[PDB]
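So you know, we letter chains A, B, ... as the sequences are listed, proteins then strands, and number each from 1. Side chains included, hydrogens not; waters and symmetry mates left out as well; all remaining heavy atoms used.
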Protein chains: 4
Amino acid sequence: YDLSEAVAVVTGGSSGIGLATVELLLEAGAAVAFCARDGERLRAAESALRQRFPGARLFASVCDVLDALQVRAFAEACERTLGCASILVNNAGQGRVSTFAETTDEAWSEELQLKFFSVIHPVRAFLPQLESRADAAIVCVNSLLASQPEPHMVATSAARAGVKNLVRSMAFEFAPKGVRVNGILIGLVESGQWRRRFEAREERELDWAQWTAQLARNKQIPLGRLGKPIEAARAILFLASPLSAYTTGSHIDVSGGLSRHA
Amino acid sequence: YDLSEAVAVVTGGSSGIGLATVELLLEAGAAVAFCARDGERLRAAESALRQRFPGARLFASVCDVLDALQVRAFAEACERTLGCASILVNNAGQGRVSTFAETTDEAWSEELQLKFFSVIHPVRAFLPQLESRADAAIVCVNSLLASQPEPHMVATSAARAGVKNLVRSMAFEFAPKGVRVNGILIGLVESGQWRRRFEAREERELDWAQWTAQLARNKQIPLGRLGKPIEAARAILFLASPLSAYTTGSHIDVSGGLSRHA
Amino acid sequence: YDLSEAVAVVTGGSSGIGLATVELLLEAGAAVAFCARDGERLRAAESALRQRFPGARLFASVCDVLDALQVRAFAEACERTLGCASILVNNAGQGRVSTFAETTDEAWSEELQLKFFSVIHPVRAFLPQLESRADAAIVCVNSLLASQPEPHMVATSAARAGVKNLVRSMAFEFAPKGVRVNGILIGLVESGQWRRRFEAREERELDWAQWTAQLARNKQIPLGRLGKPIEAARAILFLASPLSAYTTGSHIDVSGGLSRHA
Amino acid sequence: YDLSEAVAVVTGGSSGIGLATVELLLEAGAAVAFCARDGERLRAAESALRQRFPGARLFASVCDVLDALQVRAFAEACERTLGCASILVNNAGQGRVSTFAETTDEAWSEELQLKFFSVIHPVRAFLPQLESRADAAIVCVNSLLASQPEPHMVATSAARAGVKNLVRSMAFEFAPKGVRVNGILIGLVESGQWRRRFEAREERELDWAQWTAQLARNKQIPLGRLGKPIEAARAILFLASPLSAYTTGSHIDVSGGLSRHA
Ligand SMILES: [Cl-]
Ligand SMILES: [Cl-]
Ligand SMILES: [Cl-]
Ligand SMILES: [Cl-]
Ligand SMILES: [Mn+2]
Ligand SMILES: [Mn+2]
Ligand SMILES: [Mn+2]
Ligand SMILES: [Mn+2]
């Protein structure tokens, strides 16, 4: 729809899905802020974005979402620059490959703080902004692991389940403040990580399309292919925008049919 | 989105949510067909639509969705008038107020056949068209009772849960045919049955807006209001279009926060 | 537990899971009634039971659970022979192998009436007895298809999902009557239909145990084997007795780890 | 059943539910170990237990389940004393009263580590024991908040959702080691905490039975009363014992009908 009056903040929004989300936000004419830990990847995205949207209101800034303090400073900077945020998107981050046996206490704590505080901090910092905005909405990006765990990503599965449960609570708590809260459940989505996997394939005669196709078949994905970041982004936009004004405390499945549960 | 090359079919699409959906489809430039039992209401909706959309490719026909033979004939008429269908939407129909103690065998059978065959007939009949079209998608409108039952709608809840489960199965079976299958779960949405409850109110000073707001409060809806047909229609539009190309066998919550489950 | 003061009814309780349940009830000293369509199998089960349990208060009767009138008469016979019922168990029945594309309207209607009325009739008929008894509990045996459908059992899955949903409703409505209502969700359990699949095997050297083990592997059951009737019966016994006095409107998983949902 | 050959360890097992669980374990004739942080409450339980079961094999020991090191030492002590554990139960602990707004980063981290490591440590330490035992089973005590969050216990709800998701993963991972893993979902259960609440009531004319009754009504609990620790304990015993040999990666509802989801 038309988000020319929206101010949308995307935290962790330089990765595949986060980037795609910023692009669609700009397409809709929103003022957009985003932050990332890697200063390099952030500016490499800011560059390409300004190329495509010369007349965009954009504010990019390095930030560690785990550092409450920095998030406070970023949120303040966002307000001064673009005005009170009406939309907040928190990116999923990447999964951690480990069975229970392979996961130390150190890995557990890191994975937990990563998935939880990446949501808790931005939310807490921007909430006083969302509250004063109309059509306010938060979206916490998540994966199907939250409701359908996989054997090689035990810690991540469990953290993501927590965040999923948190989304429901925030939805209920923030309703009186006029803020909707939803998330999405991605399946397997194209990424640099998968491209590095493809690069190290044993079947060299297969191209990216055939390889990912075979991978999706081994992963028993009904749609028979990996998702595209822009497809995740499209569900996020739906949730972030007034298009879903009667939707809060829910999730949208973006896994290509992976969820066995009905 | 750009649905100009789509042919969309809406069964039971003459009332609130049905009509709103047809409108959004026409807005997206889709060719649209719809059917219902009440010819007068159907022709009345058709008229209004042709007013707003002079150059619309539109086909409206009376049809009883429980009658397999009428559904077959309707899908044939759509085919010869607008082309092969690429989008199919099956409306929710209305719920039945009855506890277990109140519901007879015949009421059970009526409710089950209503909810089930309203889906099975149009799907079984349009599938050959959907299967030959690109971006083919089916959306079965359902209610939150399918996963979170209510005491005074026992038969309806159970029936709706069946359909929800059917949606997953259809999604898995039709995926190899290039057809996506999803649904939505409406909460309380403004309807004629609510408008008649309104006209029976004791508090005459309350208007439609004040009344429905008070009802939503007593129903403990976080968003503090009933949904609008167009909000449901937008979620259907999302699921029906290429915007949700990686989403199948899922549902979207349109209940305004009523789902307690996380 | 001590069910010596209980009167338990088991509908469709002449086959594997049914019989095993009746046995466990007799073990707990309960008075027990059971009915089924196959009189020969019923009388055969009755005989064996009276062998093992000389002083048992037992009543077996042929009855078609789809026939409301026969169910009413059976509940009357139980009443006058053993006393008012305090426990009611409704067996799962067998599933139907068919995809959507294979299932006709009539097959749909048959499957829906089978799954639904096998529950509705005994419940509607025994409720007046259950309502007047202490520790009254109803258990509806169901399968994991109710929440996690399978491609070759579409109609059965949808039907079972309906019943699962009905169990929640009945639980809420009967609670003010002092009646608990739960169910179980069986995975693959050893049965006559598996024993006939076994006799059709190509690998003749495999015995029943080796074969079912290989089947469980191919079905990806974590526990690596089919369940046994008695395992299902124990969960039913748990839910049917005072041991689960604070549990109603729920289900117990008896699938050997097949449920992917968390 | 008969657990006279079982060695069962209960961590955090001195509180209401944990204590009740040890008693039933001893009733079944199991050798039992348990640990708690409070040395006082642990010995106050050890005392009463030895009074009731003079011929019991019991080993009680102060331990902080958050301290990996102590848990290692306790597990070792258990083996030397009673032999390899065949059963492991991890108690739920108490919920934390806070909305999202009322929860600091410090409270979040504490609540998370508390709920996660109270499971991760005992499991990791005893797994090499469970693996060598037949009929091995773990039970992680949990609350309905894990799947149905409450507004005044946001952090706890989310942590419990994580643990619930973890139970499913452990179930799958440990299946090849012959170890089942399940949990329970308690509703509101009688406790000292509730007794202190009753003590501070405004309606002094109400006794414990009337007060808890009214509280259950305000909490909309179908069964119209609080649960009893022994009732939670009974579901735990079912899961811990061979009675549930075909059940893994699942949960049993012990909430008196609180779960709205079907
Ligand atoms: Cl992930
Ligand atoms: Cl409805
Ligand atoms: Cl089945
Ligand atoms: Cl809790
Ligand atoms: Mn569910
Ligand atoms: Mn034709
Ligand atoms: Mn669920
Ligand atoms: Mn009588």
Residue selection (most heavy-atom pairs with chain C, distance under 4.5 Å) from [options]:
{"options": "B:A155, B:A68, B:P151, B:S109", "value": "B:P151"}
{"options": "B:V163, B:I120, B:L166", "value": "B:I120"}
{"options": "B:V123, B:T103, B:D105, B:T99", "value": "B:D105"}
{"options": "B:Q113, B:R124, B:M153", "value": "B:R124"}

Criterion side chain to side chain contact (heavy atoms under 4.5 Å, CB included) on C:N91 and C:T11, from CA distance to verdict: CA-CA 6 Å; C:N91 287 119; C:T11 65; 5.8 Å; no

Contact origin within B:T104 toward chain C - heavy atom pairs under 4.5 Å: backbone

Geometric class of the B:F116/C:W108 ring pair [parallel <30°, tilted 30-60°, perpendicular >60°]: tilted

Side chains of B:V9 and B:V89 in contact at under 4.5 Å (non-hydrogen atoms): no

Side chain / backbone / both / neither for C:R160 at chain B, heavy atoms under 4.5 Å: neither

Part of C:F100 within contact of chain B (heavy atom distance under 4.5 Å): both

Check: C:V7 main-chain N/O paired with C:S86 side-chain donor or acceptor under 3.5 Å: yes

Chi angles and distances behind the side chain to side chain contact (heavy atoms under 4.5 Å, CB included) call for C:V154, C:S157: CA-CA 5 Å; C:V154 173; C:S157 300; 5.8 Å; no

Rounded distance (nearest 0.5 Å) linking atom CD1 of C:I186 with atom CD1 of C:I252: 14.0 Å

Spacing of C:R180 atom CZ and C:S241 atom OG [to the nearest 0.5 Å]: 7.0 Å

Salt bridge (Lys or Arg N to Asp or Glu O under 4.0 Å) assessment of B:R80 paired with B:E76: CA-CA 6 Å; B:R80 308 165 177 228; B:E76 195 51 35; 2.8 Å; yes

Any residue of residues 139-150 of chain B which, by heavy atoms, sits under 4.5 Å from chain C: B:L145, B:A146, B:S147, B:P149

Closest non-hydrogen atom pair, B:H121 against B:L66: CE1-O, 2.9 Å

